[PDB]
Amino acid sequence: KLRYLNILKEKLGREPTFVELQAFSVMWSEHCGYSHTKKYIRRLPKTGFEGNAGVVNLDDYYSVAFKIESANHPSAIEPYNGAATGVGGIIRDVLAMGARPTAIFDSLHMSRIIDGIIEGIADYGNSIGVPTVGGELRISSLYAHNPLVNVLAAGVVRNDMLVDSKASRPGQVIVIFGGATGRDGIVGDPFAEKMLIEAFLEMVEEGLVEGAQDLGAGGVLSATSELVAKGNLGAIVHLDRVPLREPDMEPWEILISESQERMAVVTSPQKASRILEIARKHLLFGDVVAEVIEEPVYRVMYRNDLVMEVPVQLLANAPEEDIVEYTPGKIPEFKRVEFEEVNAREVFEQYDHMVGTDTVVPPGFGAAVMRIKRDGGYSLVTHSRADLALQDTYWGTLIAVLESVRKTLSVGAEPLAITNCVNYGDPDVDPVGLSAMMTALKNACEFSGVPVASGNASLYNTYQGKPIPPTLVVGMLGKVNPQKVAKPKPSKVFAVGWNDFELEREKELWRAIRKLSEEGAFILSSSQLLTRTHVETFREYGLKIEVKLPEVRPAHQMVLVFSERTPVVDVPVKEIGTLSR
């Protein structure tokens, strides 16, 4: 950032005012800027139409909108408020795309089961009326003082209702509604959030939404500057029209405040009156705060006093760190780096973290499955392998992405897109690890043919000099007819695949997984072959699984199949048990 202020001072050709100073401290900070990932990201194969969340076409009529955000720092400080707020925000990003939130998917990484994080998530999720269809729980002391909370949200939006995260023409107005702005971020509540969801969609139907963006880091500042910058336009932000929680706030406060449950809507001036009516009706606070213009300047006004004015683009774009070319080495073999294997059934139940109460199949089997209609549905998988990543960064990440495809295929789904969250340590002290990650993901996608639809990033995850295990959490989207999805029943258990790994024959395993899934077999793809959750959920059906699991370690290419007949495929197949009663 030091580098960054003399750059700012260079561009501004003067010392920044107190406000500018504040305004850039946020827009240019890693979180909002992505100065270390912009380049590495642009490299990744994209798809759909990403705004505040990637939107993937699911059947030419409907599209699923999803994204996976992190809440690592705010969760480290406060677990409950940390988690719940992460849930609040990511859901808004999905909301801002015109899709109705339909699932919340977990990805916790901790030194122990922090009840604060699990409840903050469950509570908020329940209070907005959005199920937590699935999740992923990784336990390790390596995450002792740096809990990783990766929350993924998803929703459905008709393709003829997709909402853009940008301003299109000089003359539109930007509306800010939802919670009232107050000195937050120099405590969110789902009731409001719920009204925001029910209120936003409402407006969307009436064609009253021509552009939108959630309010997160940066408050009124980020949402307006980015709404106009994305469309090479400008804005005349009138801070006195922002509804305030605490009325005695200074311009710079209102502007940069980070109050929760707030949205920004870009629309036609003639539509605002209605936006504010649907907004007030749902007990929210709205008003026409900003106005999009042609001169690419970001002019912030209070009443008649000029608070600030800068080249909108200078704000939108942050200095870009260079990139480092990582050249994959030979694949090394990993050793049992273990993640404690902790059982939190009755904990998830105590806090109502039901995880899968309305899916085609209990998310305890990995890939969640949601219906869109009788014969139309999508799949959600969240994977990650820091145990391998720790050891080797490139190959451990590449593998998490491959293992995700399996999970996706073990439910009968076609992989469509990937959303990922980058949980890394310090990029400056060790910029190679980061590149080893991004490259691993760049390659894995080019290998599987699955494109990145959206993503997130959390860097500088360190505890007094120590960086967290390189952790890229993979969020894959699958397509799938629910009717064809396989449900568990009494059958024999098989071990299909190799106890080891080989990048080439990954696709042969994908091939076998498909042949079998389609023949109606029920498959399981987890690095441990079988776990607590699996066993337990089989009981849900009144099934007792009895198998003699071979030994993989610690990155194999084998799944478990449960069918009547023996699997006839062009890959190792060995019978190993039952599943009855």
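Residue indices: 1-based, along the sequence shown.
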Gap between residue 186 and residue 187, counted in deposited residues with no coordinates, falls in the class 10 or more
Greater mean Cα temperature factor according to the PDB record, 281-289 or 444-452 | 281-289
According to the deposited model, is the average Cα temperature factor higher in 354-362 or in 86-94?
-> 354-362
Out of 37, 63, 537, 29, which one has a C-alpha B factor higher than all the others in the entry?
-> 537
Candidate set 333, 403, 426, 210 [ranked by C-alpha B-factor, highest] = 333
Looking at the C-alpha B-factor of residue 100, is it in the lowest, middle or highest third of its chain?
-> lowest
Hey, what third does residue 80 fall into on Cα B-factor, ranked over its chain?
-> highest
Using the B-factors in the PDB entry, rank residue 345's C-alpha atom against the chain and give the third, lowest, middle or highest.
-> highest
Sorting the chain's modelled residues by C-alpha B-factor, tell me whether residue 326 ends up in the lowest, middle or highest third.
-> middle
C-alpha B factor of residue 263, ranked within the chain: lowest, middle or highest third?
-> lowest
